[PDB]
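Shown next: input-v5.cif, given as mmCIF, N, CA and C atoms.
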data_protein
loop_
_atom_site.group_PDB
_atom_site.id
_atom_site.type_symbol
_atom_site.label_atom_id
_atom_site.label_comp_id
_atom_site.auth_asym_id
_atom_site.auth_seq_id
_atom_site.Cartn_x
_atom_site.Cartn_y
_atom_site.Cartn_z
ATOM 1 N N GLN B 1 -4.112 -30.033 -10.528
ATOM 2 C CA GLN B 1 -3.583 -29.576 -9.249
ATOM 3 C C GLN B 1 -4.593 -28.628 -8.621
ATOM 4 N N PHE B 2 -5.067 -28.977 -7.426
ATOM 5 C CA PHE B 2 -6.067 -28.176 -6.731
ATOM 6 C C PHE B 2 -5.420 -26.918 -6.167
ATOM 7 N N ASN B 3 -5.939 -25.763 -6.566
ATOM 8 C CA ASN B 3 -5.514 -24.481 -6.030
ATOM 9 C C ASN B 3 -6.358 -24.112 -4.815
ATOM 10 N N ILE B 4 -5.810 -23.234 -3.986
ATOM 11 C CA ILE B 4 -6.477 -22.776 -2.770
ATOM 12 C C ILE B 4 -6.555 -21.257 -2.863
ATOM 13 N N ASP B 5 -7.667 -20.752 -3.391
ATOM 14 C CA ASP B 5 -7.885 -19.317 -3.495
ATOM 15 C C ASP B 5 -8.438 -18.794 -2.170
ATOM 16 N N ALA B 6 -8.773 -17.504 -2.127
ATOM 17 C CA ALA B 6 -9.261 -16.901 -0.892
ATOM 18 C C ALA B 6 -10.636 -17.414 -0.493
ATOM 19 N N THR B 7 -11.439 -17.881 -1.452
ATOM 20 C CA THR B 7 -12.785 -18.339 -1.128
ATOM 21 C C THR B 7 -12.777 -19.701 -0.446
ATOM 22 N N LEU B 8 -11.756 -20.522 -0.701
ATOM 23 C CA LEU B 8 -11.732 -21.875 -0.156
ATOM 24 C C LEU B 8 -11.367 -21.921 1.321
ATOM 25 N N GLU B 9 -10.771 -20.855 1.859
ATOM 26 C CA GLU B 9 -10.415 -20.781 3.273
ATOM 27 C C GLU B 9 -9.577 -21.978 3.709
ATOM 28 N N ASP B 10 -10.224 -22.977 4.303
ATOM 29 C CA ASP B 10 -9.555 -24.168 4.805
ATOM 30 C C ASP B 10 -10.172 -25.414 4.181
ATOM 31 N N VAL B 11 -9.336 -26.434 3.983
ATOM 32 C CA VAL B 11 -9.762 -27.697 3.400
ATOM 33 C C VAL B 11 -9.252 -28.835 4.277
ATOM 34 N N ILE B 12 -9.949 -29.967 4.205
ATOM 35 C CA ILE B 12 -9.615 -31.149 4.988
ATOM 36 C C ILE B 12 -9.667 -32.370 4.080
ATOM 37 N N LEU B 13 -8.730 -33.292 4.285
ATOM 38 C CA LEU B 13 -8.662 -34.540 3.538
ATOM 39 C C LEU B 13 -8.963 -35.698 4.480
ATOM 40 N N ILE B 14 -9.805 -36.630 4.027
ATOM 41 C CA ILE B 14 -10.263 -37.739 4.849
ATOM 42 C C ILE B 14 -9.845 -39.087 4.276
ATOM 43 N N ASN B 15 -9.975 -39.272 2.964
ATOM 44 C CA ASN B 15 -9.690 -40.549 2.324
ATOM 45 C C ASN B 15 -8.666 -40.353 1.217
ATOM 46 N N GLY B 16 -7.726 -41.288 1.114
ATOM 47 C CA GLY B 16 -6.685 -41.224 0.106
ATOM 48 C C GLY B 16 -5.351 -40.771 0.661
ATOM 49 N N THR B 17 -4.546 -40.114 -0.171
ATOM 50 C CA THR B 17 -3.271 -39.570 0.271
ATOM 51 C C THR B 17 -2.948 -38.342 -0.567
ATOM 52 N N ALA B 18 -2.055 -37.508 -0.040
ATOM 53 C CA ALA B 18 -1.726 -36.232 -0.651
ATOM 54 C C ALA B 18 -0.220 -36.012 -0.623
ATOM 55 N N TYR B 19 0.239 -35.115 -1.495
ATOM 56 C CA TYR B 19 1.641 -34.734 -1.564
ATOM 57 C C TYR B 19 1.750 -33.218 -1.641
ATOM 58 N N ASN B 20 2.772 -32.675 -0.984
ATOM 59 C CA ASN B 20 2.989 -31.237 -0.985
ATOM 60 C C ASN B 20 3.455 -30.769 -2.362
ATOM 61 N N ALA B 21 3.240 -29.484 -2.630
ATOM 62 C CA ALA B 21 3.606 -28.886 -3.905
ATOM 63 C C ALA B 21 5.013 -28.300 -3.914
ATOM 64 N N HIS B 22 5.708 -28.294 -2.777
ATOM 65 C CA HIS B 22 7.050 -27.732 -2.688
ATOM 66 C C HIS B 22 8.103 -28.793 -2.398
ATOM 67 N N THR B 23 7.945 -29.546 -1.311
ATOM 68 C CA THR B 23 8.901 -30.577 -0.925
ATOM 69 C C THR B 23 8.309 -31.980 -0.986
ATOM 70 N N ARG B 24 7.096 -32.121 -1.524
ATOM 71 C CA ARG B 24 6.486 -33.424 -1.802
ATOM 72 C C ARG B 24 6.390 -34.287 -0.545
ATOM 73 N N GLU B 25 5.824 -33.721 0.518
ATOM 74 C CA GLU B 25 5.616 -34.485 1.743
ATOM 75 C C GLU B 25 4.396 -35.386 1.605
ATOM 76 N N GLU B 26 4.552 -36.653 1.977
ATOM 77 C CA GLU B 26 3.434 -37.580 1.980
ATOM 78 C C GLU B 26 2.484 -37.257 3.133
ATOM 79 N N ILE B 27 1.185 -37.394 2.866
ATOM 80 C CA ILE B 27 0.151 -37.054 3.832
ATOM 81 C C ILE B 27 -0.802 -38.232 3.982
ATOM 82 N N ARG B 28 -1.065 -38.596 5.234
ATOM 83 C CA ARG B 28 -1.976 -39.680 5.573
ATOM 84 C C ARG B 28 -3.412 -39.277 5.255
ATOM 85 N N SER B 29 -4.311 -40.260 5.305
ATOM 86 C CA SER B 29 -5.697 -39.986 4.948
ATOM 87 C C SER B 29 -6.344 -39.058 5.979
ATOM 88 N N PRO B 30 -6.515 -39.461 7.260
ATOM 89 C CA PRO B 30 -7.083 -38.514 8.225
ATOM 90 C C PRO B 30 -6.020 -37.614 8.836
ATOM 91 N N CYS B 31 -5.989 -36.341 8.441
ATOM 92 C CA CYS B 31 -4.990 -35.419 8.965
ATOM 93 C C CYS B 31 -5.314 -34.009 8.496
ATOM 94 N N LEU B 32 -5.089 -33.035 9.374
ATOM 95 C CA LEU B 32 -5.181 -31.637 8.980
ATOM 96 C C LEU B 32 -3.847 -31.167 8.407
ATOM 97 N N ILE B 33 -3.924 -30.284 7.413
ATOM 98 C CA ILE B 33 -2.756 -29.879 6.641
ATOM 99 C C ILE B 33 -2.303 -28.467 6.984
ATOM 100 N N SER B 34 -2.940 -27.824 7.956
ATOM 101 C CA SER B 34 -2.639 -26.428 8.329
ATOM 102 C C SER B 34 -2.823 -25.575 7.069
ATOM 103 N N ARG B 35 -1.948 -24.599 6.815
ATOM 104 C CA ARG B 35 -2.062 -23.798 5.601
ATOM 105 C C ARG B 35 -0.712 -23.541 4.935
ATOM 106 N N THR B 36 0.359 -24.204 5.383
ATOM 107 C CA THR B 36 1.678 -23.975 4.802
ATOM 108 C C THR B 36 1.764 -24.476 3.365
ATOM 109 N N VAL B 37 0.762 -25.230 2.909
ATOM 110 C CA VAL B 37 0.785 -25.734 1.540
ATOM 111 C C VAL B 37 0.139 -24.726 0.593
ATOM 112 N N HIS B 38 0.571 -24.775 -0.666
ATOM 113 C CA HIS B 38 0.008 -23.957 -1.734
ATOM 114 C C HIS B 38 -0.987 -24.721 -2.590
ATOM 115 N N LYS B 39 -0.568 -25.837 -3.180
ATOM 116 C CA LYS B 39 -1.387 -26.586 -4.116
ATOM 117 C C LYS B 39 -1.436 -28.045 -3.686
ATOM 118 N N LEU B 40 -2.518 -28.720 -4.057
ATOM 119 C CA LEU B 40 -2.721 -30.122 -3.717
ATOM 120 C C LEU B 40 -2.583 -30.957 -4.982
ATOM 121 N N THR B 41 -1.691 -31.944 -4.943
ATOM 122 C CA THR B 41 -1.424 -32.820 -6.076
ATOM 123 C C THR B 41 -2.044 -34.183 -5.808
ATOM 124 N N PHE B 42 -3.045 -34.548 -6.605
ATOM 125 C CA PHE B 42 -3.653 -35.862 -6.480
ATOM 126 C C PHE B 42 -2.783 -36.908 -7.172
ATOM 127 N N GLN B 43 -3.240 -38.157 -7.132
ATOM 128 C CA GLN B 43 -2.488 -39.270 -7.691
ATOM 129 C C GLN B 43 -3.447 -40.418 -7.964
ATOM 130 N N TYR B 44 -3.017 -41.321 -8.840
ATOM 131 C CA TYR B 44 -3.787 -42.515 -9.173
ATOM 132 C C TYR B 44 -3.438 -43.614 -8.177
ATOM 133 N N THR B 45 -4.350 -43.880 -7.242
ATOM 134 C CA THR B 45 -4.162 -44.917 -6.232
ATOM 135 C C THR B 45 -5.415 -45.781 -6.193
ATOM 136 N N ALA B 46 -5.272 -47.051 -6.570
ATOM 137 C CA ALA B 46 -6.392 -47.981 -6.551
ATOM 138 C C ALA B 46 -6.658 -48.564 -5.170
ATOM 139 N N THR B 47 -5.727 -48.407 -4.225
ATOM 140 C CA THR B 47 -5.936 -48.939 -2.882
ATOM 141 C C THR B 47 -7.094 -48.237 -2.182
ATOM 142 N N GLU B 48 -7.171 -46.913 -2.297
ATOM 143 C CA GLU B 48 -8.226 -46.140 -1.663
ATOM 144 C C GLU B 48 -8.680 -45.032 -2.600
ATOM 145 N N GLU B 49 -9.949 -44.659 -2.477
ATOM 146 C CA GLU B 49 -10.509 -43.560 -3.257
ATOM 147 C C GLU B 49 -10.268 -42.239 -2.536
ATOM 148 N N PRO B 50 -9.661 -41.249 -3.192
ATOM 149 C CA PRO B 50 -9.392 -39.971 -2.518
ATOM 150 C C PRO B 50 -10.649 -39.115 -2.454
ATOM 151 N N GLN J 1 13.942 -14.690 6.355
ATOM 152 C CA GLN J 1 12.809 -14.849 5.453
ATOM 153 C C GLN J 1 11.530 -14.695 6.262
ATOM 154 N N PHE J 2 10.690 -13.745 5.863
ATOM 155 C CA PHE J 2 9.443 -13.497 6.574
ATOM 156 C C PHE J 2 8.437 -14.593 6.251
ATOM 157 N N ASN J 3 7.899 -15.225 7.288
ATOM 158 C CA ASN J 3 6.879 -16.244 7.112
ATOM 159 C C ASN J 3 5.492 -15.634 7.255
ATOM 160 N N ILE J 4 4.495 -16.344 6.735
ATOM 161 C CA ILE J 4 3.098 -15.939 6.837
ATOM 162 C C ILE J 4 2.333 -17.036 7.562
ATOM 163 N N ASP J 5 1.297 -16.641 8.296
ATOM 164 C CA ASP J 5 0.463 -17.570 9.042
ATOM 165 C C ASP J 5 -0.886 -16.916 9.307
ATOM 166 N N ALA J 6 -1.721 -17.611 10.081
ATOM 167 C CA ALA J 6 -3.077 -17.135 10.329
ATOM 168 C C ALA J 6 -3.111 -15.862 11.164
ATOM 169 N N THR J 7 -2.131 -15.661 12.049
ATOM 170 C CA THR J 7 -2.166 -14.503 12.938
ATOM 171 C C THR J 7 -1.996 -13.197 12.172
ATOM 172 N N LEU J 8 -1.112 -13.174 11.176
ATOM 173 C CA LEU J 8 -0.796 -11.945 10.459
ATOM 174 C C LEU J 8 -1.679 -11.709 9.238
ATOM 175 N N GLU J 9 -2.547 -12.661 8.889
ATOM 176 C CA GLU J 9 -3.519 -12.492 7.813
ATOM 177 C C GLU J 9 -2.880 -11.990 6.522
ATOM 178 N N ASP J 10 -2.988 -10.687 6.270
ATOM 179 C CA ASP J 10 -2.489 -10.066 5.052
ATOM 180 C C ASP J 10 -1.421 -9.035 5.390
ATOM 181 N N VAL J 11 -0.450 -8.894 4.490
ATOM 182 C CA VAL J 11 0.646 -7.948 4.648
ATOM 183 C C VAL J 11 0.792 -7.155 3.357
ATOM 184 N N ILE J 12 1.294 -5.928 3.482
ATOM 185 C CA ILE J 12 1.486 -5.031 2.350
ATOM 186 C C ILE J 12 2.883 -4.429 2.427
ATOM 187 N N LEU J 13 3.529 -4.299 1.272
ATOM 188 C CA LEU J 13 4.840 -3.678 1.154
ATOM 189 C C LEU J 13 4.672 -2.292 0.549
ATOM 190 N N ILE J 14 5.392 -1.310 1.097
ATOM 191 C CA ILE J 14 5.247 0.083 0.701
ATOM 192 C C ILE J 14 6.524 0.643 0.090
ATOM 193 N N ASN J 15 7.684 0.297 0.645
ATOM 194 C CA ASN J 15 8.955 0.846 0.194
ATOM 195 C C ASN J 15 9.960 -0.272 -0.046
ATOM 196 N N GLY J 16 10.749 -0.124 -1.108
ATOM 197 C CA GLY J 16 11.776 -1.092 -1.445
ATOM 198 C C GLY J 16 11.401 -1.992 -2.604
ATOM 199 N N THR J 17 11.802 -3.258 -2.526
ATOM 200 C CA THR J 17 11.428 -4.254 -3.520
ATOM 201 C C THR J 17 11.489 -5.626 -2.864
ATOM 202 N N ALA J 18 10.833 -6.599 -3.493
ATOM 203 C CA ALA J 18 10.728 -7.927 -2.909
ATOM 204 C C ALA J 18 10.861 -8.984 -3.994
ATOM 205 N N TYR J 19 11.150 -10.210 -3.561
ATOM 206 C CA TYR J 19 11.249 -11.357 -4.450
ATOM 207 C C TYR J 19 10.496 -12.531 -3.844
ATOM 208 N N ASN J 20 9.773 -13.258 -4.692
ATOM 209 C CA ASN J 20 9.032 -14.425 -4.238
ATOM 210 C C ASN J 20 9.985 -15.537 -3.818
ATOM 211 N N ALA J 21 9.552 -16.321 -2.834
ATOM 212 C CA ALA J 21 10.316 -17.465 -2.356
ATOM 213 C C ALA J 21 9.989 -18.746 -3.111
ATOM 214 N N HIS J 22 9.153 -18.671 -4.145
ATOM 215 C CA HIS J 22 8.750 -19.832 -4.926
ATOM 216 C C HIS J 22 9.311 -19.824 -6.339
ATOM 217 N N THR J 23 9.102 -18.739 -7.092
ATOM 218 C CA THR J 23 9.513 -18.683 -8.492
ATOM 219 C C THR J 23 10.383 -17.467 -8.794
ATOM 220 N N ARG J 24 10.982 -16.856 -7.771
ATOM 221 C CA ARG J 24 11.866 -15.698 -7.941
ATOM 222 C C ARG J 24 11.172 -14.567 -8.696
ATOM 223 N N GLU J 25 9.929 -14.283 -8.322
ATOM 224 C CA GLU J 25 9.167 -13.213 -8.955
ATOM 225 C C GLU J 25 9.496 -11.887 -8.279
ATOM 226 N N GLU J 26 10.125 -10.980 -9.023
ATOM 227 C CA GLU J 26 10.457 -9.666 -8.491
ATOM 228 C C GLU J 26 9.229 -8.764 -8.509
ATOM 229 N N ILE J 27 9.054 -8.000 -7.435
ATOM 230 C CA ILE J 27 7.915 -7.106 -7.277
ATOM 231 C C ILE J 27 8.402 -5.781 -6.709
ATOM 232 N N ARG J 28 7.852 -4.689 -7.233
ATOM 233 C CA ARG J 28 8.214 -3.346 -6.806
ATOM 234 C C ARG J 28 7.507 -3.018 -5.492
ATOM 235 N N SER J 29 7.690 -1.793 -5.005
ATOM 236 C CA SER J 29 7.164 -1.404 -3.701
ATOM 237 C C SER J 29 5.665 -1.095 -3.716
ATOM 238 N N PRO J 30 5.146 -0.239 -4.625
ATOM 239 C CA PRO J 30 3.754 0.199 -4.468
ATOM 240 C C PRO J 30 2.755 -0.731 -5.136
ATOM 241 N N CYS J 31 2.618 -1.953 -4.623
ATOM 242 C CA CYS J 31 1.667 -2.898 -5.190
ATOM 243 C C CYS J 31 1.328 -3.958 -4.153
ATOM 244 N N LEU J 32 0.188 -4.612 -4.356
ATOM 245 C CA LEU J 32 -0.241 -5.711 -3.501
ATOM 246 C C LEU J 32 0.471 -6.990 -3.941
ATOM 247 N N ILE J 33 0.489 -8.000 -3.073
ATOM 248 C CA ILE J 33 1.205 -9.240 -3.356
ATOM 249 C C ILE J 33 0.233 -10.409 -3.421
ATOM 250 N N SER J 34 -1.057 -10.124 -3.273
ATOM 251 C CA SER J 34 -2.104 -11.156 -3.242
ATOM 252 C C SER J 34 -1.772 -12.128 -2.105
ATOM 253 N N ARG J 35 -2.062 -13.418 -2.289
ATOM 254 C CA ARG J 35 -1.737 -14.420 -1.287
ATOM 255 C C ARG J 35 -0.849 -15.535 -1.833
ATOM 256 N N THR J 36 -0.676 -15.621 -3.156
ATOM 257 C CA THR J 36 0.037 -16.747 -3.760
ATOM 258 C C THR J 36 1.472 -16.875 -3.256
ATOM 259 N N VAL J 37 1.948 -15.913 -2.463
ATOM 260 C CA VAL J 37 3.268 -16.037 -1.858
ATOM 261 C C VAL J 37 3.136 -16.585 -0.439
ATOM 262 N N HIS J 38 4.138 -17.348 -0.017
ATOM 263 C CA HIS J 38 4.188 -17.901 1.331
ATOM 264 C C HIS J 38 5.330 -17.354 2.169
ATOM 265 N N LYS J 39 6.479 -17.073 1.561
ATOM 266 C CA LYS J 39 7.606 -16.513 2.285
ATOM 267 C C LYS J 39 8.145 -15.316 1.519
ATOM 268 N N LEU J 40 8.623 -14.327 2.265
ATOM 269 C CA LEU J 40 9.137 -13.086 1.702
ATOM 270 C C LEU J 40 10.641 -13.030 1.932
ATOM 271 N N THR J 41 11.396 -12.859 0.852
ATOM 272 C CA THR J 41 12.852 -12.820 0.898
ATOM 273 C C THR J 41 13.317 -11.376 0.773
ATOM 274 N N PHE J 42 13.935 -10.858 1.831
ATOM 275 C CA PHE J 42 14.502 -9.520 1.792
ATOM 276 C C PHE J 42 15.837 -9.537 1.050
ATOM 277 N N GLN J 43 16.411 -8.352 0.863
ATOM 278 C CA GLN J 43 17.674 -8.220 0.151
ATOM 279 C C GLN J 43 18.327 -6.906 0.549
ATOM 280 N N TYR J 44 19.640 -6.837 0.341
ATOM 281 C CA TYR J 44 20.394 -5.618 0.602
ATOM 282 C C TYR J 44 20.281 -4.687 -0.598
ATOM 283 N N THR J 45 19.669 -3.524 -0.392
ATOM 284 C CA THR J 45 19.490 -2.535 -1.451
ATOM 285 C C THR J 45 19.673 -1.153 -0.842
ATOM 286 N N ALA J 46 20.767 -0.482 -1.203
ATOM 287 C CA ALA J 46 21.037 0.858 -0.702
ATOM 288 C C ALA J 46 20.246 1.935 -1.431
ATOM 289 N N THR J 47 19.650 1.614 -2.582
ATOM 290 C CA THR J 47 18.875 2.609 -3.317
ATOM 291 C C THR J 47 17.645 3.047 -2.533
ATOM 292 N N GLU J 48 16.934 2.099 -1.924
ATOM 293 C CA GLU J 48 15.738 2.401 -1.152
ATOM 294 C C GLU J 48 15.699 1.522 0.089
ATOM 295 N N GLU J 49 15.124 2.065 1.157
ATOM 296 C CA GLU J 49 14.948 1.315 2.396
ATOM 297 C C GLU J 49 13.666 0.494 2.327
ATOM 298 N N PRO J 50 13.725 -0.817 2.567
ATOM 299 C CA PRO J 50 12.509 -1.637 2.493
ATOM 300 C C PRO J 50 11.687 -1.504 3.768
#

Before anything else, please render the file you have as C-alpha cells.
Amino acid sequence: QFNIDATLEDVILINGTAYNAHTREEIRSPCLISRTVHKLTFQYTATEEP
Amino acid sequence: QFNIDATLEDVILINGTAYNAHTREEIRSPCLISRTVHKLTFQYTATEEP
C-alpha cells in the first residue's frame, strides 16, 4: 500500500486503476485524485499495466 | 467534523482532547497531530474547553 508522506506532496496516476483506502472508490486511469485519499491500493490487473 | 484541505495546510490543537476519524486514536491537547489524520471529531467535554 503506497503511503503519502510530506515529501511526496502530490501524485498523479496515468495508467491502470486505483481504489481508495477508506470507501474503496474506483479510479480511472487518467484522473487527478486531489488529496482526500490517504493510501493507494494497487491490484493485479493484466488488462493494463499500472 | 473538521475537514482538512490545501487552504488550511497544517493545524494544531492546544486545549481539550481529540479523536481520529480513521482508527479512533485518542490524543491529548499539548501535542502535534502530524498529517496522517484527515478529519477531526470534536466531543462534549466539560472538564476542558477544546

Can I have chain B aligned to chain J? Use a least-squares fit on all Cα atoms paired in order and write it out as a compact mmCIF listing (two decimals) with N, CA and C atoms, in the coordinates of the input.
# COMPACT_ATOMS: atom_id res chain seq x y z
N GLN B 1 13.92 -14.78 6.44
CA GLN B 1 12.78 -14.94 5.54
C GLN B 1 11.51 -14.77 6.35
N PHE B 2 10.69 -13.79 5.97
CA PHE B 2 9.45 -13.50 6.68
C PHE B 2 8.41 -14.57 6.36
N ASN B 3 7.91 -15.22 7.41
CA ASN B 3 6.83 -16.18 7.29
C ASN B 3 5.48 -15.48 7.45
N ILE B 4 4.44 -16.12 6.93
CA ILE B 4 3.08 -15.59 6.98
C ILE B 4 2.23 -16.66 7.67
N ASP B 5 2.09 -16.55 8.98
CA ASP B 5 1.26 -17.47 9.75
C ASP B 5 -0.20 -17.01 9.68
N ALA B 6 -1.07 -17.71 10.41
CA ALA B 6 -2.49 -17.38 10.37
C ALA B 6 -2.80 -16.05 11.03
N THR B 7 -1.97 -15.59 11.96
CA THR B 7 -2.25 -14.34 12.66
C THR B 7 -1.96 -13.13 11.78
N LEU B 8 -1.04 -13.25 10.82
CA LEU B 8 -0.65 -12.11 10.01
C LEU B 8 -1.68 -11.74 8.95
N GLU B 9 -2.59 -12.65 8.62
CA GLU B 9 -3.64 -12.39 7.64
C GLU B 9 -3.08 -11.88 6.32
N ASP B 10 -3.08 -10.56 6.13
CA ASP B 10 -2.61 -9.93 4.91
C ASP B 10 -1.52 -8.91 5.23
N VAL B 11 -0.57 -8.77 4.31
CA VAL B 11 0.53 -7.84 4.46
C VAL B 11 0.65 -7.01 3.19
N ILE B 12 1.23 -5.82 3.33
CA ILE B 12 1.40 -4.89 2.22
C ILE B 12 2.82 -4.33 2.27
N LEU B 13 3.42 -4.16 1.10
CA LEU B 13 4.76 -3.60 0.96
C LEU B 13 4.66 -2.25 0.27
N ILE B 14 5.37 -1.25 0.80
CA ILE B 14 5.30 0.11 0.30
C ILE B 14 6.64 0.60 -0.23
N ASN B 15 7.73 0.32 0.48
CA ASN B 15 9.05 0.82 0.11
C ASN B 15 10.02 -0.35 -0.03
N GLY B 16 10.86 -0.29 -1.05
CA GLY B 16 11.84 -1.34 -1.31
C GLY B 16 11.44 -2.25 -2.45
N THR B 17 11.87 -3.51 -2.39
CA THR B 17 11.49 -4.49 -3.39
C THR B 17 11.47 -5.87 -2.74
N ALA B 18 10.77 -6.80 -3.39
CA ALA B 18 10.55 -8.13 -2.84
C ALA B 18 10.74 -9.17 -3.93
N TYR B 19 10.98 -10.41 -3.49
CA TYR B 19 11.12 -11.55 -4.39
C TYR B 19 10.30 -12.71 -3.86
N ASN B 20 9.70 -13.46 -4.78
CA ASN B 20 8.89 -14.61 -4.41
C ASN B 20 9.77 -15.74 -3.88
N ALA B 21 9.17 -16.62 -3.09
CA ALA B 21 9.87 -17.74 -2.48
C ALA B 21 9.85 -19.00 -3.34
N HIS B 22 9.12 -18.99 -4.46
CA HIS B 22 9.02 -20.16 -5.32
C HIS B 22 9.67 -19.94 -6.68
N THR B 23 9.24 -18.90 -7.41
CA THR B 23 9.78 -18.60 -8.73
C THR B 23 10.53 -17.28 -8.77
N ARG B 24 10.75 -16.65 -7.62
CA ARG B 24 11.61 -15.47 -7.50
C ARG B 24 11.13 -14.33 -8.40
N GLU B 25 9.85 -13.99 -8.30
CA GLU B 25 9.32 -12.87 -9.06
C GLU B 25 9.69 -11.55 -8.39
N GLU B 26 10.19 -10.61 -9.18
CA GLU B 26 10.49 -9.28 -8.68
C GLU B 26 9.20 -8.51 -8.42
N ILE B 27 9.19 -7.73 -7.34
CA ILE B 27 8.01 -6.99 -6.91
C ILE B 27 8.39 -5.53 -6.70
N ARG B 28 7.58 -4.65 -7.28
CA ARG B 28 7.76 -3.21 -7.17
C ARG B 28 7.44 -2.75 -5.75
N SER B 29 7.79 -1.50 -5.46
CA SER B 29 7.59 -1.00 -4.10
C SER B 29 6.10 -0.88 -3.79
N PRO B 30 5.31 -0.01 -4.47
CA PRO B 30 3.88 0.02 -4.18
C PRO B 30 3.11 -1.03 -4.97
N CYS B 31 2.66 -2.09 -4.31
CA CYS B 31 1.93 -3.15 -5.00
C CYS B 31 1.38 -4.13 -3.97
N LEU B 32 0.17 -4.63 -4.23
CA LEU B 32 -0.38 -5.71 -3.43
C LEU B 32 0.08 -7.05 -3.98
N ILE B 33 0.30 -8.00 -3.08
CA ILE B 33 0.91 -9.28 -3.42
C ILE B 33 -0.09 -10.42 -3.41
N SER B 34 -1.37 -10.13 -3.18
CA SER B 34 -2.42 -11.16 -3.08
C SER B 34 -2.00 -12.13 -1.97
N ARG B 35 -2.19 -13.44 -2.14
CA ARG B 35 -1.76 -14.39 -1.12
C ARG B 35 -1.10 -15.63 -1.72
N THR B 36 -0.81 -15.63 -3.02
CA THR B 36 -0.20 -16.80 -3.65
C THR B 36 1.23 -17.04 -3.16
N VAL B 37 1.80 -16.07 -2.44
CA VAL B 37 3.16 -16.24 -1.94
C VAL B 37 3.15 -16.92 -0.57
N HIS B 38 4.24 -17.62 -0.27
CA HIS B 38 4.45 -18.26 1.02
C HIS B 38 5.34 -17.44 1.94
N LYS B 39 6.56 -17.12 1.50
CA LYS B 39 7.54 -16.45 2.33
C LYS B 39 8.07 -15.23 1.60
N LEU B 40 8.51 -14.24 2.36
CA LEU B 40 9.04 -13.00 1.81
C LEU B 40 10.55 -12.96 2.05
N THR B 41 11.31 -12.79 0.97
CA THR B 41 12.76 -12.75 1.02
C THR B 41 13.23 -11.31 0.84
N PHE B 42 13.84 -10.75 1.88
CA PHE B 42 14.39 -9.41 1.79
C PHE B 42 15.74 -9.45 1.09
N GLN B 43 16.35 -8.28 0.94
CA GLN B 43 17.62 -8.15 0.23
C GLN B 43 18.30 -6.86 0.68
N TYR B 44 19.61 -6.81 0.46
CA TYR B 44 20.40 -5.63 0.77
C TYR B 44 20.37 -4.69 -0.42
N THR B 45 19.61 -3.60 -0.31
CA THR B 45 19.49 -2.60 -1.37
C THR B 45 19.69 -1.23 -0.75
N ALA B 46 20.77 -0.55 -1.14
CA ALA B 46 21.06 0.78 -0.64
C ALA B 46 20.29 1.87 -1.37
N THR B 47 19.68 1.55 -2.52
CA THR B 47 18.91 2.56 -3.25
C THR B 47 17.69 3.02 -2.46
N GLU B 48 16.97 2.08 -1.84
CA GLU B 48 15.79 2.41 -1.07
C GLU B 48 15.75 1.54 0.18
N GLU B 49 15.14 2.09 1.24
CA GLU B 49 14.96 1.35 2.49
C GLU B 49 13.67 0.54 2.43
N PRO B 50 13.72 -0.77 2.67
CA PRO B 50 12.50 -1.58 2.60
C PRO B 50 11.66 -1.41 3.86

Check what the PyMOL selection byres ((chain J) within 8 of (chain B)) selects in the file above and give those residues as a PDB file with N, CA and C atoms, in the frame of the given file.
ATOM      1  N   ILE J   4       4.495 -16.344   6.735  1.00  0.00           N
ATOM      2  CA  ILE J   4       3.098 -15.939   6.837  1.00  0.00           C
ATOM      3  C   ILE J   4       2.333 -17.036   7.562  1.00  0.00           C
ATOM      4  N   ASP J   5       1.297 -16.641   8.296  1.00  0.00           N
ATOM      5  CA  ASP J   5       0.463 -17.570   9.042  1.00  0.00           C
ATOM      6  C   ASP J   5      -0.886 -16.916   9.307  1.00  0.00           C
ATOM      7  N   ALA J   6      -1.721 -17.611  10.081  1.00  0.00           N
ATOM      8  CA  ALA J   6      -3.077 -17.135  10.329  1.00  0.00           C
ATOM      9  C   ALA J   6      -3.111 -15.862  11.164  1.00  0.00           C
ATOM     10  N   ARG J  35      -2.062 -13.418  -2.289  1.00  0.00           N
ATOM     11  CA  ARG J  35      -1.737 -14.420  -1.287  1.00  0.00           C
ATOM     12  C   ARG J  35      -0.849 -15.535  -1.833  1.00  0.00           C
ATOM     13  N   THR J  36      -0.676 -15.621  -3.156  1.00  0.00           N
ATOM     14  CA  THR J  36       0.037 -16.747  -3.760  1.00  0.00           C
ATOM     15  C   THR J  36       1.472 -16.875  -3.256  1.00  0.00           C
ATOM     16  N   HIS J  38       4.138 -17.348  -0.017  1.00  0.00           N
ATOM     17  CA  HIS J  38       4.188 -17.901   1.331  1.00  0.00           C
ATOM     18  C   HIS J  38       5.330 -17.354   2.169  1.00  0.00           C
TER      19      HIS J  38
END

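In this structure, atom C of residue J:13 sits 15.8 Å away from atom C of residue J:44.
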
Starting from the PyMOL selection byres ((chain B and resi 31) around 8), expand the selection into actual residues of this file and give them as a list in words.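 With the PyMOL selection byres ((chain B and resi 31) around 8) on this model, the match is residues 11, 12, 13, 14, 15, 27, 28, 29, 30, 32, 33 and 34 of chain B.
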
Expand the PyMOL selection byres (((chain J and resi 1 and name CA) around 9) and name CA) into the explicit residue set it covers here, and present it as a ChimeraX atom specification. /J:2-3,21,39-42

For the atom pair atom CA of residue B:10 and atom C of residue J:17, what is the interatomic distance in Å to one decimal place? 29.1 Å

Secondary structure check, strand (DSSP E or B) residues of chain B, as a short mmCIF file (atom, residue, chain, number, x, y, z; two decimals) with N, CA and C atoms, in the coordinates of the input:
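Wrote out-v9.cif, looks like this:
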data_model
loop_
_atom_site.label_atom_id
_atom_site.label_comp_id
_atom_site.auth_asym_id
_atom_site.auth_seq_id
_atom_site.Cartn_x
_atom_site.Cartn_y
_atom_site.Cartn_z
N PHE B 2 -5.07 -28.98 -7.43
CA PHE B 2 -6.07 -28.18 -6.73
C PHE B 2 -5.42 -26.92 -6.17
N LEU B 13 -8.73 -33.29 4.28
CA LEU B 13 -8.66 -34.54 3.54
C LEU B 13 -8.96 -35.70 4.48
N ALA B 18 -2.06 -37.51 -0.04
CA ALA B 18 -1.73 -36.23 -0.65
C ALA B 18 -0.22 -36.01 -0.62
N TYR B 19 0.24 -35.12 -1.50
CA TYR B 19 1.64 -34.73 -1.56
C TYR B 19 1.75 -33.22 -1.64
N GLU B 26 4.55 -36.65 1.98
CA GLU B 26 3.43 -37.58 1.98
C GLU B 26 2.48 -37.26 3.13
N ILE B 27 1.18 -37.39 2.87
CA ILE B 27 0.15 -37.05 3.83
C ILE B 27 -0.80 -38.23 3.98
N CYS B 31 -5.99 -36.34 8.44
CA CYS B 31 -4.99 -35.42 8.96
C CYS B 31 -5.31 -34.01 8.50
N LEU B 40 -2.52 -28.72 -4.06
CA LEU B 40 -2.72 -30.12 -3.72
C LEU B 40 -2.58 -30.96 -4.98
N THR B 41 -1.69 -31.94 -4.94
CA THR B 41 -1.42 -32.82 -6.08
C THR B 41 -2.04 -34.18 -5.81
#
